[PDB]
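Text of query.pdb, listed as PDB, C-alpha atoms and all ligand atoms:
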```pdb
MODEL        1
ATOM      1  CA  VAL A   3     -54.176 115.892  -7.411
ATOM      2  CA  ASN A   4     -55.609 112.576  -8.642
ATOM      3  CA  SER A   5     -54.779 108.867  -8.241
ATOM      4  CA  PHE A   6     -53.216 107.974 -11.692
ATOM      5  CA  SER A   7     -49.607 106.701 -11.387
ATOM      6  CA  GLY A   8     -46.690 106.031 -13.740
ATOM      7  CA  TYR A   9     -48.015 108.256 -16.506
ATOM      8  CA  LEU A  10     -45.715 110.160 -18.825
ATOM      9  CA  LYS A  11     -46.905 113.738 -19.383
ATOM     10  CA  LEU A  12     -47.191 114.634 -23.154
ATOM     11  CA  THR A  13     -48.876 118.054 -22.830
ATOM     12  CA  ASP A  14     -50.584 120.277 -20.279
ATOM     13  CA  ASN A  15     -53.575 117.905 -20.252
ATOM     14  CA  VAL A  16     -52.606 114.594 -21.962
ATOM     15  CA  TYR A  17     -50.811 111.728 -20.188
ATOM     16  CA  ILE A  18     -49.867 108.263 -21.516
ATOM     17  CA  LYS A  19     -48.861 104.867 -20.073
ATOM     18  CA  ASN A  20     -48.235 101.315 -21.307
ATOM     19  CA  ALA A  21     -51.092  99.582 -19.500
ATOM     20  CA  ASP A  22     -54.078  97.300 -19.875
ATOM     21  CA  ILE A  23     -57.049  99.680 -19.528
ATOM     22  CA  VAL A  24     -59.026  96.921 -17.738
ATOM     23  CA  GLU A  25     -56.501  96.559 -14.904
ATOM     24  CA  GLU A  26     -55.883 100.265 -14.852
ATOM     25  CA  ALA A  27     -59.634 100.844 -14.340
ATOM     26  CA  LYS A  28     -60.071  98.298 -11.549
ATOM     27  CA  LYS A  29     -57.265  99.983  -9.539
ATOM     28  CA  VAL A  30     -58.120 103.672  -9.998
ATOM     29  CA  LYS A  31     -61.924 103.378 -10.109
ATOM     30  CA  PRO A  32     -61.798 106.511 -12.221
ATOM     31  CA  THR A  33     -64.866 108.696 -12.520
ATOM     32  CA  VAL A  34     -64.928 107.978 -16.293
ATOM     33  CA  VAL A  35     -63.488 105.127 -18.340
ATOM     34  CA  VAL A  36     -63.844 105.449 -22.126
ATOM     35  CA  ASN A  37     -64.921 102.446 -24.174
ATOM     36  CA  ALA A  38     -63.951 102.017 -27.830
ATOM     37  CA  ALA A  39     -67.545 101.349 -28.818
ATOM     38  CA  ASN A  40     -69.353 100.668 -32.086
ATOM     39  CA  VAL A  41     -72.729 102.190 -32.968
ATOM     40  CA  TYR A  42     -74.586  99.041 -31.848
ATOM     41  CA  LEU A  43     -72.753  98.833 -28.491
ATOM     42  CA  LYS A  44     -71.866  95.229 -29.324
ATOM     43  CA  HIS A  45     -68.813  94.743 -27.107
ATOM     44  CA  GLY A  46     -67.292  91.759 -28.843
ATOM     45  CA  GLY A  47     -63.566  92.387 -28.986
ATOM     46  CA  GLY A  48     -60.761  94.843 -28.621
ATOM     47  CA  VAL A  49     -61.050  97.243 -25.714
ATOM     48  CA  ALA A  50     -64.842  96.865 -25.636
ATOM     49  CA  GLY A  51     -64.763  93.089 -25.415
ATOM     50  CA  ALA A  52     -62.148  93.237 -22.684
ATOM     51  CA  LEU A  53     -64.041  95.864 -20.647
ATOM     52  CA  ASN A  54     -67.292  93.974 -21.053
ATOM     53  CA  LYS A  55     -65.703  90.660 -20.015
ATOM     54  CA  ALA A  56     -64.363  92.345 -16.861
ATOM     55  CA  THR A  57     -67.971  93.355 -15.974
ATOM     56  CA  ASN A  58     -69.142  89.727 -16.324
ATOM     57  CA  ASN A  59     -71.281  90.861 -19.338
ATOM     58  CA  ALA A  60     -73.217  93.447 -17.286
ATOM     59  CA  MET A  61     -71.974  96.164 -19.657
ATOM     60  CA  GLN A  62     -73.518  94.275 -22.614
ATOM     61  CA  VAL A  63     -76.839  93.759 -20.812
ATOM     62  CA  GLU A  64     -77.081  97.468 -20.001
ATOM     63  CA  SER A  65     -76.017  98.381 -23.545
ATOM     64  CA  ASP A  66     -78.649  96.170 -25.164
ATOM     65  CA  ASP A  67     -81.368  97.923 -23.150
ATOM     66  CA  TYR A  68     -79.916 101.318 -24.185
ATOM     67  CA  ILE A  69     -80.041 100.393 -27.891
ATOM     68  CA  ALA A  70     -83.527  98.909 -27.644
ATOM     69  CA  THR A  71     -84.736 102.256 -26.237
ATOM     70  CA  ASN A  72     -82.618 104.754 -28.208
ATOM     71  CA  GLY A  73     -81.352 103.065 -31.378
ATOM     72  CA  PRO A  74     -77.736 103.105 -32.539
ATOM     73  CA  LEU A  75     -75.211 105.801 -31.819
ATOM     74  CA  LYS A  76     -73.684 107.959 -34.564
ATOM     75  CA  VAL A  77     -70.110 107.408 -35.709
ATOM     76  CA  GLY A  78     -68.323 110.182 -33.825
ATOM     77  CA  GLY A  79     -70.946 110.085 -31.065
ATOM     78  CA  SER A  80     -71.149 108.797 -27.512
ATOM     79  CA  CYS A  81     -73.346 107.896 -24.582
ATOM     80  CA  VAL A  82     -72.764 107.750 -20.822
ATOM     81  CA  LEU A  83     -73.675 104.482 -19.114
ATOM     82  CA  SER A  84     -72.645 102.769 -15.886
ATOM     83  CA  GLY A  85     -68.999 101.986 -15.197
ATOM     84  CA  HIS A  86     -70.024  98.811 -13.331
ATOM     85  CA  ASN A  87     -67.063  97.478 -11.290
ATOM     86  CA  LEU A  88     -64.523  99.454 -13.351
ATOM     87  CA  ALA A  89     -65.438 103.153 -12.940
ATOM     88  CA  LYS A  90     -68.304 105.388 -11.860
ATOM     89  CA  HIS A  91     -69.297 105.925 -15.510
ATOM     90  CA  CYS A  92     -68.390 104.482 -18.893
ATOM     91  CA  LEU A  93     -68.308 106.933 -21.797
ATOM     92  CA  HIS A  94     -68.945 104.773 -24.869
ATOM     93  CA  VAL A  95     -67.358 106.664 -27.786
ATOM     94  CA  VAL A  96     -67.611 105.574 -31.436
ATOM     95  CA  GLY A  97     -64.514 106.334 -33.393
ATOM     96  CA  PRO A  98     -64.548 105.597 -37.123
ATOM     97  CA  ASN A  99     -63.669 101.993 -37.996
ATOM     98  CA  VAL A 100     -61.303 102.053 -40.972
ATOM     99  CA  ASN A 101     -62.050  98.373 -41.557
ATOM    100  CA  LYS A 102     -65.645  99.492 -42.289
ATOM    101  CA  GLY A 103     -64.615 102.388 -44.555
ATOM    102  CA  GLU A 104     -65.675 105.143 -42.158
ATOM    103  CA  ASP A 105     -64.389 108.677 -42.615
ATOM    104  CA  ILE A 106     -61.294 109.332 -40.567
ATOM    105  CA  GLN A 107     -62.189 112.977 -40.124
ATOM    106  CA  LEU A 108     -64.904 111.745 -37.739
ATOM    107  CA  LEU A 109     -62.073 110.926 -35.329
ATOM    108  CA  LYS A 110     -61.928 114.568 -34.212
ATOM    109  CA  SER A 111     -65.689 114.575 -33.532
ATOM    110  CA  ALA A 112     -65.250 111.385 -31.491
ATOM    111  CA  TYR A 113     -62.549 112.942 -29.298
ATOM    112  CA  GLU A 114     -64.689 116.068 -28.755
ATOM    113  CA  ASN A 115     -66.945 113.927 -26.533
ATOM    114  CA  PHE A 116     -64.072 113.756 -24.031
ATOM    115  CA  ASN A 117     -64.380 117.515 -23.397
ATOM    116  CA  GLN A 118     -67.658 116.965 -21.529
ATOM    117  CA  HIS A 119     -65.685 115.257 -18.702
ATOM    118  CA  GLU A 120     -63.023 116.854 -16.511
ATOM    119  CA  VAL A 121     -60.882 113.690 -16.179
ATOM    120  CA  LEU A 122     -60.937 110.417 -18.151
ATOM    121  CA  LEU A 123     -59.099 107.120 -18.491
ATOM    122  CA  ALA A 124     -59.214 106.242 -22.163
ATOM    123  CA  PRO A 125     -57.727 104.205 -25.018
ATOM    124  CA  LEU A 126     -56.669 105.717 -28.281
ATOM    125  CA  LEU A 127     -59.835 106.034 -30.326
ATOM    126  CA  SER A 128     -59.991 104.152 -33.623
ATOM    127  CA  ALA A 129     -56.740 102.287 -32.766
ATOM    128  CA  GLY A 130     -56.396  98.513 -32.493
ATOM    129  CA  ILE A 131     -59.085  96.603 -34.377
ATOM    130  CA  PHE A 132     -60.659  99.876 -35.560
ATOM    131  CA  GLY A 133     -57.773 100.115 -38.023
ATOM    132  CA  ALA A 134     -56.540 103.701 -37.698
ATOM    133  CA  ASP A 135     -52.923 104.720 -37.210
ATOM    134  CA  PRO A 136     -52.463 105.117 -33.424
ATOM    135  CA  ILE A 137     -49.895 107.891 -33.985
ATOM    136  CA  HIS A 138     -52.529 109.913 -35.972
ATOM    137  CA  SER A 139     -55.064 109.124 -33.252
ATOM    138  CA  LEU A 140     -52.692 110.464 -30.590
ATOM    139  CA  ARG A 141     -52.154 113.667 -32.600
ATOM    140  CA  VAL A 142     -55.913 114.238 -32.949
ATOM    141  CA  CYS A 143     -56.351 113.529 -29.231
ATOM    142  CA  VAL A 144     -53.734 116.116 -28.249
ATOM    143  CA  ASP A 145     -55.155 118.699 -30.691
ATOM    144  CA  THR A 146     -58.820 118.134 -29.683
ATOM    145  CA  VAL A 147     -59.142 117.154 -26.013
ATOM    146  CA  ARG A 148     -58.782 120.011 -23.526
ATOM    147  CA  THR A 149     -59.795 118.092 -20.380
ATOM    148  CA  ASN A 150     -57.398 115.804 -18.506
ATOM    149  CA  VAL A 151     -56.989 112.498 -20.341
ATOM    150  CA  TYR A 152     -54.973 109.485 -19.163
ATOM    151  CA  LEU A 153     -54.298 107.248 -22.174
ATOM    152  CA  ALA A 154     -53.768 103.533 -21.505
ATOM    153  CA  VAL A 155     -51.889 101.758 -24.304
ATOM    154  CA  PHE A 156     -51.956  97.966 -23.985
ATOM    155  CA  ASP A 157     -49.055  97.146 -26.329
ATOM    156  CA  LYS A 158     -45.626  98.024 -24.919
ATOM    157  CA  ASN A 159     -44.045  98.166 -28.381
ATOM    158  CA  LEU A 160     -46.727 100.563 -29.632
ATOM    159  CA  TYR A 161     -46.317 102.732 -26.641
ATOM    160  CA  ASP A 162     -42.566 103.170 -27.179
ATOM    161  CA  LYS A 163     -43.274 104.125 -30.665
ATOM    162  CA  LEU A 164     -45.895 106.699 -29.846
ATOM    163  CA  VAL A 165     -43.575 108.338 -27.296
ATOM    164  CA  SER A 166     -40.485 108.378 -29.537
ATOM    165  CA  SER A 167     -42.366 109.884 -32.502
ATOM    166  CA  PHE A 168     -44.394 112.435 -30.483
ATOM    167  CA  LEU A 169     -43.966 116.036 -31.602
TER     168      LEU A 169
HETATM  169  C1  LIG A 201     -50.257  97.990 -33.122
HETATM  170  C2  LIG A 201     -50.934  97.310 -31.938
HETATM  171  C3  LIG A 201     -51.027  95.805 -32.139
HETATM  172  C4  LIG A 201     -51.330  95.135 -30.802
HETATM  173  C5  LIG A 201     -52.590  94.780 -30.324
HETATM  174  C6  LIG A 201     -52.339  94.182 -29.046
HETATM  175  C7  LIG A 201     -50.953  94.217 -28.890
HETATM  176  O1  LIG A 201     -50.421  94.781 -29.937
HETATM  177  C8  LIG A 201     -52.328  97.891 -31.763
HETATM  178  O2  LIG A 201     -53.109  97.856 -32.652
HETATM  179  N1  LIG A 201     -52.651  98.479 -30.479
HETATM  180  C9  LIG A 201     -53.945  99.079 -30.223
HETATM  181  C10 LIG A 201     -53.736 100.302 -29.338
HETATM  182  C11 LIG A 201     -53.077  99.931 -28.012
HETATM  183  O3  LIG A 201     -52.041  99.216 -27.999
HETATM  184  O4  LIG A 201     -53.595 100.330 -26.934
HETATM  185  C12 LIG A 201     -54.885  98.184 -29.434
HETATM  186  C13 LIG A 201     -56.233  98.511 -29.388
HETATM  187  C14 LIG A 201     -57.110  97.728 -28.659
HETATM  188  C15 LIG A 201     -56.621  96.613 -27.965
HETATM  189  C16 LIG A 201     -55.284  96.297 -28.006
HETATM  190  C17 LIG A 201     -54.398  97.090 -28.744
HETATM  191  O5  LIG A 201     -55.069  95.135 -27.231
HETATM  192  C18 LIG A 201     -56.261  94.922 -26.517
HETATM  193  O6  LIG A 201     -57.276  95.655 -27.159
ENDMDL
END
```
Would you mind writing the file out in structure tokens?
Amino acid sequence: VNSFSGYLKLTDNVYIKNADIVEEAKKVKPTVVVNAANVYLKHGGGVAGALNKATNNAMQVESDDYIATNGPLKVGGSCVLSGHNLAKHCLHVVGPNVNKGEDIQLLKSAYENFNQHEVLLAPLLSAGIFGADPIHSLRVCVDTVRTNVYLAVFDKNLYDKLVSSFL
């Protein structure tokens, strides 16, 4: 038993809700919140900008030190950093950004990072400003992630669509 509420169950291990991931995180304090990161950990907009703003820019400060020490992430890769006031940990995961021409097949590799964590609150990778089809992203999520994932979808309209078209 865990503290997530109001989720619709899609599969044995995948759950979905129309919610703002920022407010969802401040209420659950999940062990892991996933950020829709880029390779530079520049949290300017989308989910990343919203999460970072909710940390009063502490996420960005920590991220800049990480990059200065380690260099950029790989597309499809991830790193674990602090969750600040939102979660114990933040798993920064880089899905491919279609608006940069990145290979969509890397979306499966990106979701594989979720399997290193027993339970996660997460957005749909490569959705939103990353330009992928959220329905394809949901399919890859369901077919790749084996751990327990709670997907927060900000847009109510999108959410209804994802549910109604789910196979
Ligand atoms: C089709 C809709 C358009 C839309 C955007 C906002 C409302 O509708 C869409 O791309 N949605 C994705 C996925 C989602 O809805 O979780 C998304 C991603 C990041 C976000 C985000 C929304 O909003 C805040 O950061």
Would you translate the PyMOL selection byres (((chain A and resi 109-115) around 10) and not hetatm) into the concrete set of residues it matches in this file, as an mmCIF file with C-alpha atoms, in the frame of the given file?
```
data_model
loop_
_atom_site.group_PDB
_atom_site.id
_atom_site.type_symbol
_atom_site.label_atom_id
_atom_site.label_comp_id
_atom_site.auth_asym_id
_atom_site.auth_seq_id
_atom_site.Cartn_x
_atom_site.Cartn_y
_atom_site.Cartn_z
ATOM 1 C CA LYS A 76 -73.684 107.959 -34.564
ATOM 2 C CA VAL A 77 -70.110 107.408 -35.709
ATOM 3 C CA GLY A 78 -68.323 110.182 -33.825
ATOM 4 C CA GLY A 79 -70.946 110.085 -31.065
ATOM 5 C CA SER A 80 -71.149 108.797 -27.512
ATOM 6 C CA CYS A 81 -73.346 107.896 -24.582
ATOM 7 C CA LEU A 93 -68.308 106.933 -21.797
ATOM 8 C CA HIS A 94 -68.945 104.773 -24.869
ATOM 9 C CA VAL A 95 -67.358 106.664 -27.786
ATOM 10 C CA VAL A 96 -67.611 105.574 -31.436
ATOM 11 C CA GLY A 97 -64.514 106.334 -33.393
ATOM 12 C CA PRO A 98 -64.548 105.597 -37.123
ATOM 13 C CA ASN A 99 -63.669 101.993 -37.996
ATOM 14 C CA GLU A 104 -65.675 105.143 -42.158
ATOM 15 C CA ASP A 105 -64.389 108.677 -42.615
ATOM 16 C CA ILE A 106 -61.294 109.332 -40.567
ATOM 17 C CA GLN A 107 -62.189 112.977 -40.124
ATOM 18 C CA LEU A 108 -64.904 111.745 -37.739
ATOM 19 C CA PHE A 116 -64.072 113.756 -24.031
ATOM 20 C CA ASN A 117 -64.380 117.515 -23.397
ATOM 21 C CA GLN A 118 -67.658 116.965 -21.529
ATOM 22 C CA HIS A 119 -65.685 115.257 -18.702
ATOM 23 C CA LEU A 126 -56.669 105.717 -28.281
ATOM 24 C CA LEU A 127 -59.835 106.034 -30.326
ATOM 25 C CA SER A 128 -59.991 104.152 -33.623
ATOM 26 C CA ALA A 134 -56.540 103.701 -37.698
ATOM 27 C CA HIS A 138 -52.529 109.913 -35.972
ATOM 28 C CA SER A 139 -55.064 109.124 -33.252
ATOM 29 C CA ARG A 141 -52.154 113.667 -32.600
ATOM 30 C CA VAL A 142 -55.913 114.238 -32.949
ATOM 31 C CA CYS A 143 -56.351 113.529 -29.231
ATOM 32 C CA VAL A 144 -53.734 116.116 -28.249
ATOM 33 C CA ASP A 145 -55.155 118.699 -30.691
ATOM 34 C CA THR A 146 -58.820 118.134 -29.683
ATOM 35 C CA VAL A 147 -59.142 117.154 -26.013
ATOM 36 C CA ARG A 148 -58.782 120.011 -23.526
ATOM 37 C CA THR A 149 -59.795 118.092 -20.380
#
```
Checklist entry - ligand LIG 201 (chain A): which residues are within 12 Å, counting all atoms listed in the file, as a PyMOL selection string? => result chain A and resi 18-25+37-39+45-54+99+124-140+153-164
Item to check | CA of residue 166 in chain A to CA of residue 8 in chain A, distance in Å rounded to a single decimal | outcome: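 Computing the Euclidean distance for CA of residue 166 in chain A and CA of residue 8 in chain A yields 17.1 Å.
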Next on the checklist: I'd like the neighbourhood of residue 72 in chain A as a ChimeraX atom specification, where a residue qualifies if any of its atoms comes within 12 Å (using only C-alpha atoms), though same-chain residues fewer than 4 positions away should be ignored.
Outcome noted: /A:41-43,65-68,76,81
Go ahead and save the picked residues with C-alpha atoms, as a PDB file, in the frame of the given file.
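The resulting file, out-v5.pdb, is shown below:
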```pdb
ATOM      1  CA  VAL A  41     -72.729 102.190 -32.968  1.00  0.00           C
ATOM      2  CA  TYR A  42     -74.586  99.041 -31.848  1.00  0.00           C
ATOM      3  CA  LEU A  43     -72.753  98.833 -28.491  1.00  0.00           C
ATOM      4  CA  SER A  65     -76.017  98.381 -23.545  1.00  0.00           C
ATOM      5  CA  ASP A  66     -78.649  96.170 -25.164  1.00  0.00           C
ATOM      6  CA  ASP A  67     -81.368  97.923 -23.150  1.00  0.00           C
ATOM      7  CA  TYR A  68     -79.916 101.318 -24.185  1.00  0.00           C
ATOM      8  CA  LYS A  76     -73.684 107.959 -34.564  1.00  0.00           C
ATOM      9  CA  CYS A  81     -73.346 107.896 -24.582  1.00  0.00           C
TER      10      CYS A  81
END
```
Item to check | Distance in Å - CA of residue 62 in chain A versus CA of residue 123 in chain A | outcome: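 The value is 19.7 Å.
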Checklist entry - Interatomic distance between CA of residue 10 in chain A and CA of residue 40 in chain A? => result 28.7 Å
Checklist entry - Using only C-alpha atoms, which of A:70, A:100, A:165, A:34 sits nearest residue 88 in chain A? => result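 So, comparing all the options, the nearest one is A:34.
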Next on the checklist: I'd like to see the residues matched by the PyMOL selection byres (((chain A and resi 86) around 10) and not hetatm) on this file, and ideally I'd get them as a PyMOL selection string.
Outcome noted: chain A and resi 31+53-54+56-58+60-61+64+83-85+87-92
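What the PyMOL selection byres (((chain A and resi 150) around 8) and not hetatm) grabs from this file is residues 15, 16, 17, 120, 121, 122, 147, 148, 149, 151 and 152 of chain A.
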Next on the checklist: Please determine, counting only C-alpha atoms, which residue among A:13, A:6, A:44, A:168 has the shortest atom-to-atom distance to residue 28 in chain A.
Outcome noted: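 Selected residue with least distance to residue 28 in chain A: A:6.
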Item to check | Counting only C-alpha atoms, the residue of A:12, A:75, A:69, A:63 that sits nearest residue 167 in chain A | outcome: A:12
